[PDB]
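**Q** One file: start_7.cif (mmCIF, C-alpha atoms and all ligand atoms).
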data_start
loop_
_atom_site.label_atom_id
_atom_site.label_comp_id
_atom_site.auth_asym_id
_atom_site.auth_seq_id
_atom_site.Cartn_x
_atom_site.Cartn_y
_atom_site.Cartn_z
CA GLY S 8 109.20 151.32 89.81
CA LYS S 9 106.75 149.66 92.21
CA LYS S 10 103.57 151.63 92.82
CA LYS S 11 101.20 152.34 95.68
CA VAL S 12 97.95 150.40 95.07
CA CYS S 13 94.66 151.22 96.79
CA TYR S 14 91.94 148.59 96.60
CA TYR S 15 88.17 149.12 97.14
CA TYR S 16 85.91 146.37 98.44
CA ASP S 17 82.76 146.02 100.53
CA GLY S 18 82.19 142.60 102.13
CA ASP S 19 78.44 142.85 101.40
CA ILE S 20 78.89 143.09 97.60
CA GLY S 21 78.86 139.29 97.12
CA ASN S 22 75.35 139.00 98.65
CA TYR S 23 73.57 140.98 95.88
CA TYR S 24 71.65 138.55 93.65
CA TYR S 25 70.36 139.24 90.15
CA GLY S 26 68.08 136.14 90.25
CA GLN S 27 68.08 132.47 89.23
CA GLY S 28 69.78 131.93 85.88
CA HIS S 29 70.99 135.54 85.49
CA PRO S 30 74.63 135.39 84.31
CA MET S 31 75.76 138.43 86.38
CA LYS S 32 76.98 137.13 89.73
CA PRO S 33 78.29 139.66 92.29
CA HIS S 34 79.57 136.65 94.29
CA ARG S 35 82.54 136.57 91.80
CA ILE S 36 83.81 139.83 93.49
CA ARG S 37 83.87 138.02 96.87
CA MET S 38 85.64 134.97 95.27
CA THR S 39 88.28 137.37 93.79
CA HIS S 40 88.81 139.04 97.22
CA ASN S 41 89.09 135.72 99.08
CA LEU S 42 91.57 134.34 96.53
CA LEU S 43 93.80 137.45 96.63
CA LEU S 44 93.66 137.46 100.51
CA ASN S 45 94.80 133.80 100.53
CA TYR S 46 97.72 134.66 98.17
CA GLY S 47 98.83 137.34 100.74
CA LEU S 48 98.19 140.24 98.31
CA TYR S 49 96.73 142.25 101.29
CA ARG S 50 100.25 142.82 102.76
CA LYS S 51 101.15 145.23 99.93
CA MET S 52 97.85 147.12 99.31
CA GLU S 53 95.84 149.76 101.16
CA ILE S 54 92.34 148.17 101.43
CA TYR S 55 89.37 150.57 101.70
CA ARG S 56 85.64 150.01 102.06
CA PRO S 57 83.88 152.38 99.65
CA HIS S 58 81.19 154.74 100.86
CA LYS S 59 77.63 154.31 99.47
CA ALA S 60 77.52 156.93 96.65
CA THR S 61 74.60 159.33 97.07
CA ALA S 62 71.78 159.98 94.55
CA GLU S 63 73.37 163.47 94.26
CA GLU S 64 76.80 162.02 93.31
CA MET S 65 75.08 159.81 90.66
CA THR S 66 73.14 162.79 89.22
CA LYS S 67 76.47 164.41 88.19
CA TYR S 68 75.74 162.25 85.03
CA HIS S 69 72.36 160.46 85.30
CA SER S 70 68.98 162.20 85.24
CA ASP S 71 67.17 163.00 88.49
CA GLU S 72 64.14 160.98 87.38
CA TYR S 73 66.21 157.89 86.60
CA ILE S 74 68.16 157.98 89.92
CA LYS S 75 64.87 158.64 91.82
CA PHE S 76 63.39 155.55 90.14
CA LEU S 77 66.40 153.33 91.06
CA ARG S 78 66.23 154.52 94.70
CA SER S 79 62.44 153.72 94.88
CA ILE S 80 61.88 150.47 92.97
CA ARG S 81 61.75 147.12 94.85
CA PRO S 82 60.52 143.58 94.02
CA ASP S 83 57.48 144.29 96.35
CA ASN S 84 56.36 147.54 94.66
CA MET S 85 57.28 146.66 90.99
CA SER S 86 53.59 146.48 89.97
CA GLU S 87 53.21 150.23 90.57
CA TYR S 88 56.18 151.09 88.29
CA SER S 89 55.36 149.19 85.05
CA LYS S 90 55.49 152.49 83.05
CA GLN S 91 58.86 153.69 84.42
CA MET S 92 60.32 150.16 84.14
CA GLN S 93 59.78 150.15 80.34
CA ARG S 94 61.05 153.73 80.04
CA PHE S 95 64.27 152.94 81.98
CA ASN S 96 64.83 149.48 80.39
CA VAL S 97 64.41 147.56 83.65
CA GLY S 98 63.51 143.98 82.66
CA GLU S 99 65.25 140.63 82.00
CA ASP S 100 68.85 141.91 81.44
CA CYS S 101 68.48 144.59 84.14
CA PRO S 102 66.04 143.14 86.69
CA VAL S 103 64.71 144.60 89.90
CA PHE S 104 66.39 142.74 92.78
CA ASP S 105 66.56 143.18 96.58
CA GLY S 106 69.18 145.84 97.42
CA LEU S 107 69.55 147.02 93.77
CA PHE S 108 70.19 150.67 94.76
CA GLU S 109 72.68 149.68 97.48
CA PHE S 110 74.57 147.51 94.93
CA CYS S 111 74.75 150.55 92.57
CA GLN S 112 75.93 152.78 95.50
CA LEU S 113 78.78 150.35 96.38
CA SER S 114 79.85 149.77 92.76
CA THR S 115 79.87 153.58 92.15
CA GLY S 116 81.38 154.43 95.55
CA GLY S 117 84.48 152.37 94.82
CA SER S 118 85.10 153.99 91.42
CA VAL S 119 84.52 157.58 92.56
CA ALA S 120 86.59 157.09 95.78
CA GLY S 121 89.42 155.67 93.64
CA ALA S 122 89.30 158.70 91.30
CA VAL S 123 89.35 161.12 94.33
CA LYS S 124 92.42 159.25 95.72
CA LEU S 125 94.21 159.55 92.34
CA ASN S 126 93.27 163.28 92.08
CA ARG S 127 94.83 163.92 95.52
CA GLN S 128 98.04 162.12 94.36
CA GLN S 129 97.70 159.70 97.31
CA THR S 130 98.07 156.57 95.12
CA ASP S 131 99.49 155.56 91.75
CA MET S 132 96.78 152.89 91.12
CA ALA S 133 93.22 152.44 92.44
CA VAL S 134 91.33 149.11 91.92
CA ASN S 135 87.54 148.59 92.11
CA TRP S 136 86.58 145.12 90.84
CA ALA S 137 82.89 145.87 91.59
CA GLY S 138 82.90 148.73 89.01
CA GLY S 139 83.30 148.80 85.22
CA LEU S 140 79.52 148.82 84.47
CA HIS S 141 80.05 150.47 81.08
CA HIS S 142 76.58 150.09 79.43
CA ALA S 143 74.49 152.29 81.73
CA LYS S 144 73.11 155.40 80.01
CA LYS S 145 72.10 158.84 81.38
CA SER S 146 68.40 157.75 81.80
CA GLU S 147 68.48 154.04 81.08
CA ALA S 148 69.79 150.76 82.46
CA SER S 149 71.43 148.43 79.92
CA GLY S 150 73.34 145.14 79.77
CA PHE S 151 73.30 144.31 83.50
CA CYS S 152 74.40 147.94 84.28
CA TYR S 153 72.25 150.52 86.09
CA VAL S 154 74.62 153.32 87.16
CA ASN S 155 77.64 154.21 85.04
CA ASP S 156 80.36 154.25 87.70
CA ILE S 157 82.99 154.74 84.93
CA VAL S 158 81.47 157.97 83.60
CA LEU S 159 81.13 159.24 87.21
CA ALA S 160 84.79 158.36 87.98
CA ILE S 161 85.97 160.04 84.74
CA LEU S 162 83.96 163.19 85.59
CA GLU S 163 85.79 163.20 88.96
CA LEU S 164 89.19 162.77 87.24
CA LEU S 165 88.35 165.67 84.82
CA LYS S 166 88.40 168.06 87.86
CA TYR S 167 92.25 167.77 87.94
CA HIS S 168 93.08 166.20 84.54
CA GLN S 169 92.72 167.98 81.20
CA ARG S 170 92.79 164.70 79.20
CA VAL S 171 91.68 161.27 80.42
CA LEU S 172 92.16 158.04 78.43
CA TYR S 173 89.56 155.27 78.86
CA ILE S 174 90.55 151.72 77.64
CA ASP S 175 87.96 148.90 77.56
CA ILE S 176 88.99 145.20 77.18
CA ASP S 177 85.57 143.67 78.07
CA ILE S 178 84.32 141.53 75.08
CA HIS S 179 81.30 143.92 74.78
CA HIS S 180 81.62 147.43 73.28
CA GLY S 181 81.86 150.14 76.00
CA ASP S 182 78.88 152.05 74.57
CA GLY S 183 77.68 153.96 77.66
CA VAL S 184 81.11 155.50 78.26
CA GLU S 185 81.70 156.20 74.55
CA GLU S 186 78.27 157.89 74.24
CA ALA S 187 78.78 160.03 77.38
CA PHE S 188 81.99 161.57 75.97
CA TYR S 189 81.29 161.26 72.20
CA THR S 190 81.38 165.04 71.53
CA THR S 191 84.33 166.04 73.74
CA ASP S 192 88.11 165.86 73.30
CA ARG S 193 88.78 165.76 77.10
CA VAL S 194 88.22 161.96 77.12
CA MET S 195 89.52 159.53 74.49
CA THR S 196 87.60 156.20 74.55
CA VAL S 197 89.26 153.05 73.19
CA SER S 198 87.27 149.82 73.01
CA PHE S 199 88.40 146.37 71.80
CA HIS S 200 85.32 144.15 71.42
CA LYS S 201 83.48 141.43 69.47
CA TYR S 202 81.45 143.13 66.72
CA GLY S 203 78.77 141.47 64.54
CA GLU S 204 75.51 139.78 65.72
CA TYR S 205 76.53 140.64 69.30
CA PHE S 206 75.33 142.96 72.09
CA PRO S 207 75.13 145.97 72.13
CA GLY S 208 75.43 146.23 68.32
CA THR S 209 77.58 149.39 68.42
CA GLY S 210 81.35 150.00 68.15
CA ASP S 211 81.86 149.91 64.39
CA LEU S 212 85.41 150.94 63.43
CA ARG S 213 83.72 153.89 61.54
CA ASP S 214 82.35 155.30 64.84
CA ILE S 215 85.11 157.79 65.60
CA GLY S 216 83.34 160.57 67.56
CA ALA S 217 81.50 163.79 66.57
CA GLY S 218 82.05 167.61 66.72
CA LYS S 219 84.95 168.45 69.09
CA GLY S 220 85.11 164.67 69.85
CA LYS S 221 85.86 163.66 66.21
CA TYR S 222 88.85 161.22 66.28
CA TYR S 223 88.56 160.86 70.11
CA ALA S 224 86.58 157.56 70.02
CA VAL S 225 88.49 154.45 68.83
CA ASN S 226 86.82 151.08 68.16
CA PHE S 227 88.63 147.83 67.28
CA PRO S 228 85.94 145.36 66.06
CA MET S 229 86.88 141.70 66.43
CA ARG S 230 85.49 138.30 65.43
CA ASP S 231 85.24 135.07 67.50
CA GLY S 232 88.26 133.22 68.85
CA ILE S 233 90.90 135.96 69.26
CA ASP S 234 93.93 134.57 71.14
CA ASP S 235 96.84 135.98 73.26
CA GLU S 236 99.21 136.20 70.25
CA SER S 237 96.71 138.15 68.05
CA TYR S 238 95.44 140.41 70.86
CA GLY S 239 98.98 141.21 72.09
CA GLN S 240 100.08 142.06 68.50
CA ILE S 241 97.56 144.95 68.28
CA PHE S 242 97.05 146.13 71.89
CA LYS S 243 100.55 147.49 72.64
CA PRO S 244 100.98 149.28 69.21
CA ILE S 245 97.49 150.90 69.44
CA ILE S 246 97.88 152.00 73.07
CA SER S 247 101.44 153.28 72.36
CA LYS S 248 100.15 155.42 69.45
CA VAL S 249 97.21 156.69 71.51
CA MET S 250 99.59 157.62 74.39
CA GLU S 251 101.95 159.41 71.95
CA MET S 252 99.24 161.46 70.16
CA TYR S 253 96.76 162.08 73.00
CA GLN S 254 99.16 162.50 75.99
CA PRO S 255 96.53 161.77 78.70
CA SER S 256 97.35 162.68 82.31
CA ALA S 257 95.15 159.84 83.82
CA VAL S 258 93.89 156.43 82.60
CA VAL S 259 90.83 154.27 83.41
CA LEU S 260 91.11 150.64 82.33
CA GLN S 261 87.93 148.49 82.27
CA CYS S 262 89.16 144.85 82.75
CA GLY S 263 86.00 142.90 81.85
CA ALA S 264 86.95 139.21 82.07
CA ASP S 265 84.32 137.94 79.57
CA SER S 266 87.10 138.16 76.89
CA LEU S 267 88.70 135.00 78.49
CA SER S 268 88.49 131.53 76.91
CA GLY S 269 85.53 129.52 78.26
CA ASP S 270 83.39 132.52 79.24
CA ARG S 271 79.67 131.66 79.45
CA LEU S 272 78.66 134.68 77.27
CA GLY S 273 81.91 135.47 75.43
CA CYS S 274 83.46 133.78 72.43
CA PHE S 275 87.13 134.98 72.68
CA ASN S 276 90.09 132.70 73.54
CA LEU S 277 92.40 134.75 75.79
CA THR S 278 94.18 133.24 78.77
CA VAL S 279 94.57 135.14 82.12
CA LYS S 280 98.20 135.95 81.03
CA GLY S 281 97.01 137.37 77.68
CA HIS S 282 94.30 139.44 79.37
CA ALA S 283 96.77 140.68 82.08
CA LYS S 284 99.34 141.66 79.42
CA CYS S 285 96.93 144.64 78.78
CA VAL S 286 97.34 145.73 82.41
CA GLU S 287 101.15 145.37 82.13
CA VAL S 288 101.11 147.46 78.90
CA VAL S 289 99.05 150.31 80.46
CA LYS S 290 101.03 150.29 83.71
CA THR S 291 104.31 150.82 81.81
CA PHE S 292 103.26 154.45 80.90
CA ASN S 293 103.47 155.45 84.63
CA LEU S 294 100.23 157.52 84.68
CA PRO S 295 97.58 157.65 87.49
CA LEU S 296 95.48 154.52 86.76
CA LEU S 297 92.00 153.44 87.85
CA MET S 298 91.49 149.70 87.19
CA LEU S 299 87.88 148.46 87.09
CA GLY S 300 85.97 145.19 86.68
CA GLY S 301 83.12 144.57 84.26
CA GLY S 302 81.87 141.41 82.58
CA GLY S 303 82.98 137.86 83.36
CA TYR S 304 80.48 135.02 83.51
CA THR S 305 82.54 131.80 84.28
CA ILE S 306 83.15 132.97 87.85
CA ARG S 307 86.17 130.71 88.69
CA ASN S 308 88.02 132.34 85.73
CA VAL S 309 86.95 135.87 86.73
CA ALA S 310 88.44 135.29 90.23
CA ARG S 311 91.67 133.92 88.68
CA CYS S 312 91.86 136.86 86.22
CA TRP S 313 91.30 139.69 88.68
CA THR S 314 93.51 138.10 91.37
CA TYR S 315 96.35 137.88 88.80
CA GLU S 316 95.71 141.49 87.59
CA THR S 317 95.88 142.73 91.22
CA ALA S 318 99.28 140.89 91.52
CA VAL S 319 100.35 142.61 88.25
CA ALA S 320 99.37 146.05 89.69
CA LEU S 321 101.52 145.25 92.77
CA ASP S 322 104.48 143.86 90.72
CA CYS S 323 104.11 140.71 92.88
CA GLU S 324 104.81 137.26 91.48
CA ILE S 325 102.33 134.65 92.72
CA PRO S 326 102.53 130.86 92.28
CA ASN S 327 100.39 128.94 89.78
CA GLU S 328 99.35 126.50 92.57
CA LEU S 329 96.20 128.02 94.14
CA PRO S 330 96.35 128.48 97.90
CA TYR S 331 93.52 126.94 99.94
CA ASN S 332 90.53 129.36 100.11
CA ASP S 333 86.80 129.54 100.97
CA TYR S 334 85.88 128.60 97.37
CA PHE S 335 88.65 126.05 96.68
CA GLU S 336 86.25 123.49 95.14
CA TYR S 337 85.21 126.01 92.40
CA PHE S 338 88.76 125.82 90.95
CA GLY S 339 88.89 122.10 90.24
CA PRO S 340 89.84 119.76 88.65
CA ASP S 341 93.28 121.46 88.40
CA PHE S 342 93.38 123.99 91.30
CA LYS S 343 95.77 126.21 89.27
CA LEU S 344 95.64 129.98 88.72
CA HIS S 345 96.41 130.03 84.98
CA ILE S 346 94.11 128.71 82.26
CA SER S 347 94.64 127.02 78.90
CA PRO S 348 93.14 128.32 75.66
CA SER S 349 90.59 126.13 73.87
CA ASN S 350 90.94 124.64 70.33
CA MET S 351 88.44 127.21 68.90
CA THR S 352 89.31 128.69 65.53
CA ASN S 353 90.56 132.26 65.56
CA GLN S 354 88.40 134.02 62.94
CA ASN S 355 90.64 137.13 63.21
CA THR S 356 93.26 136.41 60.54
CA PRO S 357 96.66 138.11 60.95
CA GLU S 358 95.79 140.19 57.80
CA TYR S 359 92.48 141.37 59.28
CA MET S 360 94.27 142.40 62.53
CA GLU S 361 96.89 144.44 60.62
CA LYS S 362 94.30 146.04 58.33
CA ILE S 363 92.08 147.24 61.22
CA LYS S 364 95.19 148.50 63.11
CA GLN S 365 96.28 150.44 60.00
CA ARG S 366 92.82 152.06 59.63
CA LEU S 367 92.95 153.06 63.35
CA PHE S 368 96.46 154.51 62.85
CA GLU S 369 95.09 156.71 59.96
CA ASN S 370 92.44 158.11 62.34
CA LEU S 371 95.06 158.72 65.06
CA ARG S 372 97.14 160.76 62.50
CA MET S 373 94.17 163.24 62.49
CA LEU S 374 94.71 164.27 66.15
CA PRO S 375 96.43 167.69 66.75
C1 LIG L 401 66.48 137.46 78.55
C2 LIG L 401 67.70 137.54 77.73
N1 LIG L 401 67.61 138.35 76.47
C3 LIG L 401 68.88 138.23 75.68
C4 LIG L 401 68.77 138.96 74.36
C5 LIG L 401 68.44 140.44 74.56
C6 LIG L 401 67.17 140.58 75.41
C7 LIG L 401 67.24 139.79 76.72
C8 LIG L 401 68.72 141.41 73.47
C9 LIG L 401 69.53 141.47 74.77
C10 LIG L 401 70.98 141.00 74.90
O1 LIG L 401 71.58 140.45 73.98
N2 LIG L 401 71.54 141.22 76.09
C11 LIG L 401 72.91 140.83 76.39
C12 LIG L 401 73.51 141.77 77.44
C13 LIG L 401 74.98 141.49 77.76
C14 LIG L 401 75.53 142.40 78.85
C15 LIG L 401 77.05 142.29 79.06
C16 LIG L 401 77.53 143.19 80.20
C17 LIG L 401 79.04 143.49 80.21
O2 LIG L 401 79.70 142.25 80.30
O3 LIG L 401 79.45 144.11 79.00
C18 LIG L 401 79.51 144.39 81.35
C19 LIG L 401 78.87 144.09 82.70
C20 LIG L 401 72.80 139.44 76.95
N3 LIG L 401 73.63 138.47 76.61
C21 LIG L 401 73.23 137.39 77.35
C22 LIG L 401 72.15 137.70 78.14
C23 LIG L 401 71.37 136.88 79.07
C24 LIG L 401 71.42 135.49 79.00
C25 LIG L 401 70.66 134.72 79.85
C26 LIG L 401 69.83 135.32 80.80
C27 LIG L 401 69.03 134.47 81.69
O4 LIG L 401 69.02 133.25 81.65
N4 LIG L 401 68.26 135.17 82.62
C28 LIG L 401 67.44 134.39 83.57
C29 LIG L 401 65.97 134.69 83.42
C30 LIG L 401 68.24 136.54 82.71
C31 LIG L 401 68.96 137.31 81.90
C32 LIG L 401 69.79 136.71 80.90
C33 LIG L 401 70.56 137.48 80.03
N5 LIG L 401 71.90 139.02 77.88
CA CA L 402 85.29 146.62 75.07
CA CA L 403 85.46 161.14 73.22
ZN ZN L 404 80.94 142.16 78.71
#
If you convert what's in this file into structure tokens, what do you get?

**A**
Amino acid sequence: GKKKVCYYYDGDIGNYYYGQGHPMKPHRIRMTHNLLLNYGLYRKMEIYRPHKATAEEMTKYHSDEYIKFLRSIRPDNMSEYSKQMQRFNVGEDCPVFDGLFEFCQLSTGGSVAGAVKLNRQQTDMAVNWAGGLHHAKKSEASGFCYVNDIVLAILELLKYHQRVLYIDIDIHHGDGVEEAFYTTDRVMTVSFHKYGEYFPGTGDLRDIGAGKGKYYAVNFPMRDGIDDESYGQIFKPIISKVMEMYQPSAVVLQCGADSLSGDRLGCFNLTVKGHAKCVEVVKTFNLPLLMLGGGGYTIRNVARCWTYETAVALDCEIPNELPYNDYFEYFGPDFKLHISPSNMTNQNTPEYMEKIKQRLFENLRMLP
């Protein structure tokens, strides 16, 4: 039936700025919050302000040297850290900006607090739209990500859950999370992403895990222009088979919105309904669920997407006509919640989709 939903948000998150021209815009988190408040979605959720995660909480995964660097670097002292900046991949994709460490603490705080709430059985679903920064590595920043809030949240869930399933629907491969758990069977990572001449270059369907983790990493490589019909046709059957074979006791779903049509960096053609069908599919299994953000670079569509996915979590129907809000002008010329797909060609033929699904099913037959 209807579930208890806890939502994590800090009103300062929207003020963090990556710099002029950088596609990552924390302001999209504030637009999402304001839109869902104006739809009345606050009347059904417990809203919490996450704590600022400590360097100590972050070192449950990341190295002490890397977290010490993040806590020390600033735009005013950057000249003294040229050596560590190259070593930790701090540069154009992952720049030094004012309040960088505080932004990491808030993003991580929401994910870890959500996992603690799920572990205590105090909620069925926990939502942190500021999290989902799946590329960050143990001692390296990557792809706009500095601290891997997902790995930290999963480590928290592993205190009470023997098996945790991670599902990633961002257009980019969830490499940081896959790498962190590559040799263990306690986490199964499933990533659906664009593969071929695209960042980060990993996530081949032949990458299936190693050692005790062999068959516990699943990658569905896709080409440009995937649509709701095609995505929906493989998502439910793959997730159903994974649920049946793996039997996880908790789930983490990364809801990166750069897989929507019209994304500034993505080249997929999903609508908000097609993207949200993934949330509906996962929710149907009735397991403790941590829903996270991620990519999304056409910020009016990210706000529409995550507002609709929050409504899905709450089993609340919301009208297509957008209510008046602080960012109303960003949603023109239509002022509607739902989006239309473009005329882009879907390079993922129905035969390619079935063939990749069949190869993934063969790998899933290898689980105990
Ligand atoms: C310098 C850019 N150059 C790209 C090629 C280069 C090396 C840097 C090889 C690496 C690569 O392709 N980086 C990828 C990383 C994608 C992370 C997704 C993150 C998630 O969505 O998965 C989850 C949060 C990527 N794609 C597009 C950009 C991009 C475009 C434009 C700009 C830009 O105008 N500015 C203003 C100075 C700053 C940054 C910047 C970055 N970077
Ligand atoms: Ca993905
Ligand atoms: Ca694994
Ligand atoms: Zn992405």

**Q** Have a look at S:73, S:49, S:275, S:151 and name the one nearest to residue 31 in chain S; count all atoms listed in the file.

**A**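 Of the candidates, the smallest distance to residue 31 in chain S is held by S:151.
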
**Q** Neighbours of ligand CA 403 (chain L) within 7 Å, counting only C-alpha atoms and all ligand atoms, as a PDB file with C-alpha atoms, in the frame of the given file?

**A**
ATOM      1  CA  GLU S 185      81.700 156.200  74.550  1.00  0.00           C
ATOM      2  CA  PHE S 188      81.990 161.570  75.970  1.00  0.00           C
ATOM      3  CA  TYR S 189      81.290 161.260  72.200  1.00  0.00           C
ATOM      4  CA  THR S 190      81.380 165.040  71.530  1.00  0.00           C
ATOM      5  CA  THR S 191      84.330 166.040  73.740  1.00  0.00           C
ATOM      6  CA  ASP S 192      88.110 165.860  73.300  1.00  0.00           C
ATOM      7  CA  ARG S 193      88.780 165.760  77.100  1.00  0.00           C
ATOM      8  CA  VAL S 194      88.220 161.960  77.120  1.00  0.00           C
ATOM      9  CA  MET S 195      89.520 159.530  74.490  1.00  0.00           C
ATOM     10  CA  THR S 196      87.600 156.200  74.550  1.00  0.00           C
ATOM     11  CA  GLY S 216      83.340 160.570  67.560  1.00  0.00           C
ATOM     12  CA  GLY S 220      85.110 164.670  69.850  1.00  0.00           C
ATOM     13  CA  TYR S 223      88.560 160.860  70.110  1.00  0.00           C
ATOM     14  CA  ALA S 224      86.580 157.560  70.020  1.00  0.00           C
TER      15      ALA S 224
END

**Q** Counting only C-alpha atoms and all ligand atoms, which residues of chain S sit at most 10 Å from some atom of ligand ZN 404 (chain L), and what is each one's closest atom pair with its distance in Å to one decimal, listed by chain and rising residue number, as a Markdown table?

**A**
| residue | atom | partner | partner_atom | distance |
| --- | --- | --- | --- | --- |
| S:31 | CA | L:ZN404 | ZN | 10.0 |
| S:139 | CA | L:ZN404 | ZN | 9.6 |
| S:140 | CA | L:ZN404 | ZN | 8.9 |
| S:141 | CA | L:ZN404 | ZN | 8.7 |
| S:142 | CA | L:ZN404 | ZN | 9.1 |
| S:150 | CA | L:ZN404 | ZN | 8.2 |
| S:151 | CA | L:ZN404 | ZN | 9.3 |
| S:175 | CA | L:ZN404 | ZN | 9.8 |
| S:176 | CA | L:ZN404 | ZN | 8.7 |
| S:177 | CA | L:ZN404 | ZN | 4.9 |
| S:178 | CA | L:ZN404 | ZN | 5.0 |
| S:179 | CA | L:ZN404 | ZN | 4.3 |
| S:180 | CA | L:ZN404 | ZN | 7.6 |
| S:181 | CA | L:ZN404 | ZN | 8.5 |
| S:200 | CA | L:ZN404 | ZN | 8.7 |
| S:201 | CA | L:ZN404 | ZN | 9.6 |
| S:206 | CA | L:ZN404 | ZN | 8.7 |
| S:207 | CA | L:ZN404 | ZN | 9.6 |
| S:262 | CA | L:ZN404 | ZN | 9.5 |
| S:263 | CA | L:ZN404 | ZN | 6.0 |
| S:264 | CA | L:ZN404 | ZN | 7.5 |
| S:265 | CA | L:ZN404 | ZN | 5.5 |
| S:266 | CA | L:ZN404 | ZN | 7.6 |
| S:270 | CA | L:ZN404 | ZN | 10.0 |
| S:272 | CA | L:ZN404 | ZN | 8.0 |
| S:273 | CA | L:ZN404 | ZN | 7.5 |
| S:300 | CA | L:ZN404 | ZN | 9.9 |
| S:301 | CA | L:ZN404 | ZN | 6.4 |
| S:302 | CA | L:ZN404 | ZN | 4.1 |
| S:303 | CA | L:ZN404 | ZN | 6.7 |
| S:304 | CA | L:ZN404 | ZN | 8.6 |

**Q** Identify the residues within 10 Å of coordinate (84.5, 155.9, 101.4) (same frame as the file), considering all atoms listed in the file, and give the answer as a compact mmCIF listing (two decimals) with C-alpha atoms, keeping the file's coordinate frame.

**A**
# COMPACT_ATOMS: atom_id res chain seq x y z
CA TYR S 15 88.17 149.12 97.14
CA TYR S 55 89.37 150.57 101.70
CA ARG S 56 85.64 150.01 102.06
CA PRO S 57 83.88 152.38 99.65
CA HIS S 58 81.19 154.74 100.86
CA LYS S 59 77.63 154.31 99.47
CA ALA S 60 77.52 156.93 96.65
CA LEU S 113 78.78 150.35 96.38
CA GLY S 116 81.38 154.43 95.55
CA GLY S 117 84.48 152.37 94.82
CA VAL S 119 84.52 157.58 92.56
CA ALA S 120 86.59 157.09 95.78
CA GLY S 121 89.42 155.67 93.64

**Q** One decimal, Å: what's the distance from CA of residue 159 in chain S over to CA of residue 274 in chain S, could you say?

**A**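 Straight-line distance from CA of residue 159 in chain S to CA of residue 274 in chain S works out to 29.5 Å.
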
**Q** Given only C-alpha atoms as the basis, pick out the residue of S:107, S:360, S:310, S:74 nearest to residue 36 in chain S.

**A**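 Nearest to residue 36 in chain S: S:310.
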
**Q** Using the file's own x, y and z axes, so that the box edges lie along x, y and z, what centre and edge lengths in Å (one decimal) does a box around every listed atom of ligand LIG 401 (chain L) get when 3 Å is added on each side? Give it as lines of an AutoDock Vina configuration file.

**A**
center_x = 72.8
center_y = 138.8
center_z = 78.5
size_x = 19.7
size_y = 17.1
size_z = 16.1

**Q** What's around range 131-133 of chain S at 8 Å? Count all atoms listed in the file, leave out sequence neighbours fewer than 3 positions away in its own chain, and write the answer as a ChimeraX atom specification.

**A** /S:10-15,121-122,124-125,128,294-298,320

**Q** Set the distance at 10 Å and use only C-alpha atoms: which residues neighbour residue 165 in chain S once local chain neighbours fewer than 3 positions away are removed? I'd like the list as an MDAnalysis selection string.

**A** chainID S and resid 122 126 159:162 168:171 193:194 256:257

**Q** Which neighbours of residue 276 in chain S fall inside 12 Å, counting all atoms listed in the file, when residues of the same chain fewer than 3 positions from it are skipped, and could you give them as number ranges by chain?

**A** S: 178, 201, 229-238, 264-270, 273, 279-282, 346-355

**Q** Interatomic distance between CA of residue 307 in chain S and CA of residue 246 in chain S?

**A**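 Result for CA of residue 307 in chain S versus CA of residue 246 in chain S: 28.9 Å, one decimal.
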